[PDB]
Each structure stands twice: as C-alpha cells, then as structure tokens.
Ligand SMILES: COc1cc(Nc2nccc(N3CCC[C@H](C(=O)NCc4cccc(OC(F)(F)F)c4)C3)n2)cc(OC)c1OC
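First, one chain by itself: the form solved without the ligand, in structure tokens.
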C-alpha cells in the first residue's frame, strides 16, 4: 500500500505511531473525539466491525493528509495503529465543519453582527489557498465542499482548512456529490485541477448563502440535466456582484475557460479591498 506525493513514495510504516498509552479520549464531537496526547487533538476512529477494505481506506487517508504541509490543510499529528480500534490523530478544529458553522452562526435578531462579508471572504481565501497548494502539487481533491472544510475556532480569528480527503482516498452513485461536479466529471469521469475550480465555485455559493444546500429544490438528476444544459445557480441573497462573478467564472462549461486558483485568489483579494463589497450587509434570518 504505497502513496506518492510531491515526488516521494510512502507506506503506512512511515506514519508516526503514537503509543496508545499516551492517548486519552475526552468527549465525542461527532466517530470523532476530542483527545489529549498536553497536546489537544481530534481522534478519528475506525470501527472494528468494518471491513479490511475500509481499514485500508482509513489508513490511506492518514497517509494522504500526513504528506501535506500547508496552513490551510488540517495537520495529522500521528496515528495509533498498534491497538484496536485504530486511531488517526488530527489537528483539533474547535470551530467544527464550515457548513454547520454558517448555518448556526447566521445573522439573526439574537445577534445580527454574528458574521459580516469580510468573515466570509476570509474563509473563501483560506480554502482557496489550500486549493492552490493542492493544484501546484498536482493533487485533485474531487470533493471541495463546505461539509469538508473545518474552522480552527468559532471566533473572529478563525482559520478555515480543508479537512476531509475521503473522496480522493477512494479514487486513489446516489452518494456522488453531483451538485459540486463539472460536466466533464459528471459525464466522462474526467478529473483535473479545473474539476476543483468548479467545486470551489459551488463552495463559494455555499459560503455566501450562509450554508444553503446548492441548487435548492433540485434533485441530483435534475441538477445534472440543468448544468449540462447551461443552467447555473442565481446569486445568494445579498451577494455582491464581484463575488457572484467569481462563481460564474468557476462554472464555465469548458475547463480551459475556468480560472486556476492563483487567479481565484487574486479576485478574492480584490473583493476584500472593495469597500462596497465588504460593507454589504448579510441578510438577517428572522
């Protein structure tokens, strides 16, 4: 079971084994636990009842994450494979997943100053930086989506990071994330760096809608036919035009017409600079 990244080949033997004795589970978060090794960690467990194939997949995602080195990709602290159940130790992300965060932290009468446009643009920039790192190292994520991004904390200093690599791990139907996929992925099973660009546009829509499911009211098959025919999502409520434009550029039908992440980053930067953009009020959910 070998994995190749950035020029180097690796095996599970390369994974940093942490003695099971040094690991204490604190509480459940989702299975995933808050743990201590005193370094605080997230502990991903492999159910003992699963297959030898699931165990192989489990270990492969460990290897994949451990070989990344970037601030916007969750760190792997190590593993505990000498005991059952098997543990993967990850950077603890106290802010939780991004979709849940957006939904739970939406501006409302309780506190209309929960989030502002700049907060959303910073999350977008954070994930775009992670995606650019994957792009420049020729890694295709295949499932860029709010559910797979994590926050270091709920508060204003939060940093967003790509936290799940299960789809890339498998690749290395009713469950396929069709709503995040470009046509050539849909129809031909073709994946490139521009695959992730399309998904990032959908992620941007998720962010600026404050956590709505993409293509609201549409089923997967309806979305497939919609997108193939040239259909695209409308802007999220109150979304500034410059931000919607990034989305529509990401969703160009031809992959060669979609921006790479370096371009996406510079466009996100330009948005953060425009006072008209960042002074735009987010909708208050009543």
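Numbering follows the first chain given and starts at 1.
The same protein also exists as the form deposited with the ligand bound; that form is not shown, yet it is the one meant from here on.
Student: Is the site here open or blocked once the ligand, taken in the deposited bound form, is overlaid via the site C-alphas (blocked: 3+ ligand atoms within 2.4 Å of backbone or C-beta atoms)?
Tutor: Blocked, since after superposition 3 or more atoms of the placed ligand lie within 2.4 Å of the backbone or C-beta atoms.
Student: Of the listed stretches (112-120, 96-104, 182-190, 207-215), which one has a non-hydrogen atom within 4.5 Å of the ligand in the deposited bound form?
Tutor: The contacting stretch here is 96-104.
Student: Identify, from the list 227, 233, 239, 65, the residue with a heavy atom within 4.5 Å of the ligand in the deposited bound form.
Tutor: Contact residue from the list: 65.
Student: What I'd like checked is whether 15, 26 and 86 together line the ligand in the deposited bound form, meaning each has a non-hydrogen atom within 4.5 Å of it.
Tutor: No residue of the spot touches the ligand in the deposited bound form.
Student: Answer with yes or no whether residue 198 is in contact with the ligand in the deposited bound form, where contact means some heavy atom within 4.5 Å.
Tutor: Close contact is absent here: in the deposited bound form, residue 198 is far from the ligand, nothing within 4.5 Å, heavy atoms only.
Student: Within a 4.5 Å heavy atom cut-off, is residue 74 in contact with the ligand in the deposited bound form?
Tutor: Residue-level check for residue 74: yes, a contact with the ligand.
Student: With a cut-off of 4.5 Å between heavy atoms, is residue 162 one of the residues that contacts the ligand in the deposited bound form?
Tutor: It does: once the ligand is placed as it appears in the deposited bound form, residue 162 has a heavy atom within 4.5 Å of it.
Student: Closest heavy atom of residue 223 to the ligand in the deposited bound form, within 4.5 Å or not?
Tutor: Residue 223 lies outside the contact set for the ligand.
Student: Across 140-154, which residues bring a heavy atom to within 4.5 Å of the ligand in the deposited bound form?
Tutor: 141, 150 sit within 4.5 Å of the partner.
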